[PDB]
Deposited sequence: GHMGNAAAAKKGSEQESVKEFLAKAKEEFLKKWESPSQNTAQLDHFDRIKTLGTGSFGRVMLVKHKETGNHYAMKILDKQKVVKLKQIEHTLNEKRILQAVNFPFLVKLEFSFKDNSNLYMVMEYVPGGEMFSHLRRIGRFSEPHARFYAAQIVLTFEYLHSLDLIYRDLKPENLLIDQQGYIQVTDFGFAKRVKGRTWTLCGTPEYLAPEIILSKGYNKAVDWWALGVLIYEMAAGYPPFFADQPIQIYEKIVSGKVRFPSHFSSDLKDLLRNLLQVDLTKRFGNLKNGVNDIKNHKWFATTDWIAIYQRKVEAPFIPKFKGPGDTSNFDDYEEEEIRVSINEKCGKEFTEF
């Protein structure tokens, strides 16, 4: 009868997620199903691979189990795979397969050929406000989805946002994502993007993702982040100071949104008030945003990356290639049993 509400949409998303969260997929391919092509980025690396049976290209993240244990990232890695195999949203990268062998963990994701937002942003300098707003709207919807599932993302940055062939965003790298009701305490993220309450060891919640969205919007529109220095400790001093300076070319609407996202008092921060995400979606800076049309991916993108065919990596930097060595002895089997 009545059309579906946002609440009903999100309830449907939660039921779909919980089924996969409670019964995760495991061991759905193996290494010799793929041909290794090239390293796309770098406890491991991500490689462009080609699936032998289908000819499909994928991005294969390879994690050295011994390095994960040594870096004390076991539980974070289990979080990453358990969450990524259970989520489903138009702006989240799709995990196609996962498996492990004696030496490594493998997560095989859809190949997003347009390159990192980071690369395009640094090259062009800064995005126009309409361009930044188009990307920001996708992140707003993605966090609405993730947070409704009790997921905190915790590593938003242009390096983790890949541009697809339609010009839309695919969020990658769930290495710090965590399903939590209430607060958590891990000092993790990327220095420029840390909310003050992470730095101050206070305990924190999903409001850190909305702070990070403020950092991302600022960096997209300015071409540099709101708090930068040569060493992280100086970045942290600026973050907790409560002071932000804005480029003169920032619109008044953009500055007002950013003062409310880069709000050091998490109890006054947009996204964390009684109206939740709707304080952000209804803000004047987003007045031209058709949220349904963004979700449906029917808005024309500010640009489409160059594409020379399948397997083309011209939108990615070159990295040193290193052989994938698999030991004859199983490493760290107990630790990664559920992977």
So which bits of the deposited sequence did not make it into the model? 1-12, 55-56
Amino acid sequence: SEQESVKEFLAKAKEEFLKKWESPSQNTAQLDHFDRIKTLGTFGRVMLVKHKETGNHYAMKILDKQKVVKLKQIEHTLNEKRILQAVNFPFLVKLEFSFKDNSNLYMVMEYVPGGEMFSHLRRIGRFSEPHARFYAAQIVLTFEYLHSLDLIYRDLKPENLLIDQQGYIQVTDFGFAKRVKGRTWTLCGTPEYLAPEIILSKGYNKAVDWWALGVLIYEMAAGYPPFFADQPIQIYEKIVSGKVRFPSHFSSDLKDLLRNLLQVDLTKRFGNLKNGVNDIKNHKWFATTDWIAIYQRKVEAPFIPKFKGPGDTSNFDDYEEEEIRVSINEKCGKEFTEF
From here on, numbers count along this sequence of modelled residues.
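Rigid core (definition): largest C-alpha set, two forms, superposition within 1.5 Å.
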Which of the two stretches, 186-194 or 126-134, moves more in 9 other deposited structures of this protein when the core is held fixed, judged by C-alpha RMS distance? 186-194
Between 234-242 and 147-155, which one shows the bigger average Cα displacement from this form in 9 other deposited structures of this protein once the rigid core is aligned? 234-242
Out of 258-266 and 123-131, which stretch has the higher average CA B-factor listed in the record? 258-266
Looking at the deposited entry, does 201-209 or 109-117 carry the larger mean Cα B-factor? 201-209
Identity of residue with top Cα B-factor, from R154, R82, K243, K181: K243
Choose from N282, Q66, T288, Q296 the residue with the greatest Cα B-factor as stated in the PDB record. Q66
Please rank the C-alpha B-factors of the chain's modelled residues and tell me whether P158 sits in the lowest, middle or highest third. lowest
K72: CA temperature factor from the record, placed by chain third, in the highest
Which third, lowest, middle or highest, does the CA B-factor of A11 fall in along this chain? middle
Third of the chain's Cα B-factor distribution that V93 belongs to, per the entry: lowest
Which third, lowest, middle or highest, does the C-alpha temperature factor of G214 belong to within its own chain? lowest
